[PDB]
Amino acid sequence: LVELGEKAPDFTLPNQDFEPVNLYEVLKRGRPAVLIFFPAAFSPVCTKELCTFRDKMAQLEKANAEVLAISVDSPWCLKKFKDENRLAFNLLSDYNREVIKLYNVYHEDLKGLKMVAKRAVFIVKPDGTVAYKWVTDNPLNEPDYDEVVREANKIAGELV
Amino acid sequence: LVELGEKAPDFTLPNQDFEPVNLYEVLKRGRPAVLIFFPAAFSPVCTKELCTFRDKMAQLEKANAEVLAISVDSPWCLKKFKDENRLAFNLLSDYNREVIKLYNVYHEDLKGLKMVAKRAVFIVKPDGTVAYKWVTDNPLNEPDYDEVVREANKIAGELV
Amino acid sequence: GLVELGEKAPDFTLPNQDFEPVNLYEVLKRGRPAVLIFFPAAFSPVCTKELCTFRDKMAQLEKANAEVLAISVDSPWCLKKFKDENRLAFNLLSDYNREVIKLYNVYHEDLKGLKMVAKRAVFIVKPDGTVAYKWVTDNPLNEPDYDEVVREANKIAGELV
Amino acid sequence: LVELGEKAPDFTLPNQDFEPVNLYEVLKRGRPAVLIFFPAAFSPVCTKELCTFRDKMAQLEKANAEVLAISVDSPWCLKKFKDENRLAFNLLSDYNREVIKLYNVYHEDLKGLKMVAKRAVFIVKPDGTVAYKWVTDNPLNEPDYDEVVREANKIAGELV
């Protein structure tokens, strides 16, 4: 289990370029780690009815932490996604549904698709403790990235 | 497991637009069905020492059969792929690994990724019999689409 | 009644080459803008000051970053054939019952003797439902500038950041 | 030497995150490789009277090729540079002056500093051939990134 306080579970996933990425090895870099889980790339964000691809996810680049977006999509796909949105951070592929299970942030069956990453957000301190956590069961529910950026910088400034 | 002559197993998968697509219902349309399985979209094809995204897959549009490309990628991704390559045919998402198992055309573990669609090609006649079949265990091995187009039109015309 | 620029595009559902129903709003709900292209008939030629040919650069609409929906009163079977022969990536919807061409007020009374034919019209609808672009001519043999439509389409697409 | 038509020499450098990055292993990814050498991070670009930190280097993210900016700066330094300019691509550290020597793109003594990367640009095809090359001995001479992006997409499209 993972929730406010508890220590975040280590893990390793491939990024857009198939380079393995270990969580603790990243926390070991000095800055906090922002983990963002999302259903699927090239997927729109909606409201009551209005759906668009206006995803301000690139604003997480403003945060003073190592951002790690994670979805069950493949590296080749995420790589495509990363390049098209000129995203500066890394996108990890949980193609084998490992992590989404480890962090208990998965949709049993979304629109027919089974085992999809839920929209979740975790901020882990350089030691390994979950300083922040946000999750919704509504997939078309885009997060407040500006928000996560604040909390991220807050937590970052915390370690002074 | 499937093999030439044998009758192709029915199935239903979502296309780029989440519309369900039943195999037999397509065969019922009158033309032969060409099924193309591929590891992943936005994936490159490589030669002895070369690698590129020069995938002449759009040539299958020349065939006189309903073409159905299938990969475990998600609909949102395939949709992205389809639009960017101006592909006229449908791409079906076997996100749940059903069909790649049904047709016994899956890689156990590709570059670390588990349960990936192998590069396979099946041509099914309006009745349901496999008139053509080709498969390779080498993923970076692009098929001869000009070829499949021939065999496809041959099988199509053979139905005088 | 009538659909006009700025105003909101009327919803509707038509069959595509494969008889699959296609609802306008359900498409706008997909995230991208919708480009609607009406044309008299498939396998119909386009002409200039005189030169008539079947050199129709309609496939260039695939370059646009919007869901393209070509519409004509032709039948699904006919459109499917037309679609496959021109390796068109987008969908062709059949207004066999003259519904939509009337809804959008884009129909010829009597073309060459044929009654209730779709006029050559172009509409670009934003994901919300507002007509951001509109172009129509009463001259049937007047092929549209697809290259053009594609840029207005991408503009409207991009101006959505 | 490293000029047009000639085949680019392989090499491996660490990126902002100390992850090793092999040139050929990147070319093996499918897209062309754009190598950009620069004197130093947090260094300004000037003219004959005015200087500024208006470096449109992030525009290389528009190119359809794997971009690899290289300088003798350290990984920690590049990482800081990368995050501050929200640069999507990778920055490789040639701390040991290897590559700049290998590609013969180094300043003997710049403003007193010895063995600094010269401002150079190489575009390599997935096979390994230099399709483009541009170099200047004037360090404060910022390149036309918009340009490199063109040549990059041209070369990218050429492999169709």
# chains A, B, ... in the order shown; residues from 1 in each chain; ligands from 1
>>> residues_around(residues="region 61-66 of chain B", least_positions_apart="4", cutoff="9 Å", atoms="only C-alpha atoms", output="VMD selection string")
(chain B and resid 26 to 27 29 to 35 57 87 to 90 123 146 148 to 153 156 to 157) or (chain C and resid 84 to 85 87)
>>> write_last_selection(atoms="C-alpha atoms", output="mmCIF file, in the first residue's frame")
data_model
loop_
_atom_site.group_PDB
_atom_site.id
_atom_site.type_symbol
_atom_site.label_atom_id
_atom_site.label_comp_id
_atom_site.auth_asym_id
_atom_site.auth_seq_id
_atom_site.Cartn_x
_atom_site.Cartn_y
_atom_site.Cartn_z
ATOM 1 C CA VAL B 26 -16.291 -8.347 -42.225
ATOM 2 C CA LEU B 27 -15.861 -11.536 -44.244
ATOM 3 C CA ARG B 29 -18.989 -8.059 -46.479
ATOM 4 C CA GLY B 30 -17.905 -9.974 -49.556
ATOM 5 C CA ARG B 31 -14.154 -9.360 -49.900
ATOM 6 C CA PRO B 32 -11.244 -11.351 -48.411
ATOM 7 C CA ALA B 33 -9.735 -10.188 -45.108
ATOM 8 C CA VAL B 34 -6.048 -9.427 -44.725
ATOM 9 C CA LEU B 35 -4.874 -9.500 -41.110
ATOM 10 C CA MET B 57 2.478 -0.499 -44.855
ATOM 11 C CA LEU B 87 -3.618 4.828 -43.509
ATOM 12 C CA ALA B 88 -6.958 4.103 -45.158
ATOM 13 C CA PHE B 89 -7.570 0.739 -43.478
ATOM 14 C CA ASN B 90 -8.576 -0.081 -39.929
ATOM 15 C CA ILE B 123 -5.463 -13.698 -45.671
ATOM 16 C CA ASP B 146 3.785 -5.436 -52.339
ATOM 17 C CA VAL B 148 0.856 -9.556 -49.701
ATOM 18 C CA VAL B 149 -0.974 -7.207 -52.037
ATOM 19 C CA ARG B 150 -0.351 -9.653 -54.887
ATOM 20 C CA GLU B 151 -1.420 -12.761 -52.975
ATOM 21 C CA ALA B 152 -4.396 -10.744 -51.733
ATOM 22 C CA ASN B 153 -5.550 -9.752 -55.226
ATOM 23 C CA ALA B 156 -9.616 -11.968 -54.414
ATOM 24 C CA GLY B 157 -9.740 -12.553 -58.170
ATOM 25 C CA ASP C 84 -11.138 2.261 -51.644
ATOM 26 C CA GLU C 85 -10.246 3.312 -55.147
ATOM 27 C CA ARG C 87 -7.133 5.213 -50.961
#
>>> closest_atom_pairs(of="region 39-93 of chain C", to="region 20-34 of chain C", cutoff="6 Å", atoms="only C-alpha atoms", output="CSV")
residue,atom,partner,partner_atom,distance
C:66,CA,C:33,CA,4.8
C:67,CA,C:34,CA,4.8
C:68,CA,C:34,CA,5.9
>>> interface_residues(of="chain A", to="chain C", cutoff="9 Å", atoms="only C-alpha atoms", output="ChimeraX atom specification")
/A:43-46,49-54
>>> write_last_selection(atoms="N, CA and C atoms", output="PDB file, in the first residue's frame")
ATOM      1  N   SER A  43      -4.566  10.390 -25.661  1.00  0.00           N
ATOM      2  CA  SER A  43      -5.903  10.281 -25.077  1.00  0.00           C
ATOM      3  C   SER A  43      -6.361  11.687 -24.677  1.00  0.00           C
ATOM      4  N   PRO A  44      -7.616  12.059 -24.990  1.00  0.00           N
ATOM      5  CA  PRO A  44      -8.086  13.398 -24.627  1.00  0.00           C
ATOM      6  C   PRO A  44      -8.599  13.522 -23.175  1.00  0.00           C
ATOM      7  N   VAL A  45      -8.694  14.769 -22.706  1.00  0.00           N
ATOM      8  CA  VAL A  45      -9.193  15.103 -21.365  1.00  0.00           C
ATOM      9  C   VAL A  45     -10.514  15.840 -21.575  1.00  0.00           C
ATOM     10  N   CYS A  46     -11.546  15.448 -20.835  1.00  0.00           N
ATOM     11  CA  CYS A  46     -12.858  16.054 -21.026  1.00  0.00           C
ATOM     12  C   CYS A  46     -13.528  16.601 -19.798  1.00  0.00           C
ATOM     13  N   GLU A  49     -19.022  17.221 -21.413  1.00  0.00           N
ATOM     14  CA  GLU A  49     -19.111  16.846 -22.809  1.00  0.00           C
ATOM     15  C   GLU A  49     -17.926  17.326 -23.630  1.00  0.00           C
ATOM     16  N   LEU A  50     -17.364  18.473 -23.261  1.00  0.00           N
ATOM     17  CA  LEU A  50     -16.232  19.039 -23.990  1.00  0.00           C
ATOM     18  C   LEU A  50     -14.941  18.272 -23.798  1.00  0.00           C
ATOM     19  N   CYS A  51     -14.459  17.657 -24.878  1.00  0.00           N
ATOM     20  CA  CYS A  51     -13.212  16.896 -24.865  1.00  0.00           C
ATOM     21  C   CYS A  51     -12.217  17.599 -25.758  1.00  0.00           C
ATOM     22  N   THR A  52     -10.983  17.715 -25.294  1.00  0.00           N
ATOM     23  CA  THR A  52      -9.939  18.345 -26.087  1.00  0.00           C
ATOM     24  C   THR A  52      -8.623  17.690 -25.754  1.00  0.00           C
ATOM     25  N   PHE A  53      -7.604  18.043 -26.516  1.00  0.00           N
ATOM     26  CA  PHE A  53      -6.285  17.507 -26.271  1.00  0.00           C
ATOM     27  C   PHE A  53      -5.431  18.621 -25.691  1.00  0.00           C
ATOM     28  N   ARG A  54      -6.088  19.554 -25.009  1.00  0.00           N
ATOM     29  CA  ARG A  54      -5.407  20.670 -24.363  1.00  0.00           C
ATOM     30  C   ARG A  54      -4.953  20.151 -23.001  1.00  0.00           C
TER      31      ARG A  54
END
>>> interface_residues(of="chain B", to="chain A", cutoff="8 Å", atoms="only C-alpha atoms", output="JSON, numbers by chain")
{"B": [40, 41, 42, 43, 73, 74, 76, 77, 80, 95, 96, 113, 114]}
>>> residues_around(residues="region 5-11 of chain D", least_positions_apart="2", cutoff="6 Å", atoms="only C-alpha atoms", output="list in words")
residues 3, 22, 23, 24, 128, 129 and 130 of chain D
>>> select_by_dssp(residues="chain A", states="strand (DSSP E or B)", output="PyMOL selection string")
chain A and resi 7+12-15+20-22+33-37+45-46+51-52+66-71+90-93+106-110+113-117+119-124+129-136
>>> atom_distance(atom1="CA of residue 61 (chain C)", atom2="CA of residue 134 (chain C)")
15.3 Å
>>> select_by_dssp(residues="region 42-144 of chain D", states="alpha helix (DSSP H)", output="list in words")
residues 75, 76, 77, 78, 79, 80, 81, 82, 83, 84, 98, 99, 100, 101 and 102 of chain D
>>> atom_distance(atom1="CA of residue 126 (chain D)", atom2="CA of residue 86 (chain B)")
23.7 Å
>>> atom_distance(atom1="CA of residue 98 (chain B)", atom2="CA of residue 122 (chain B)")
16.4 Å
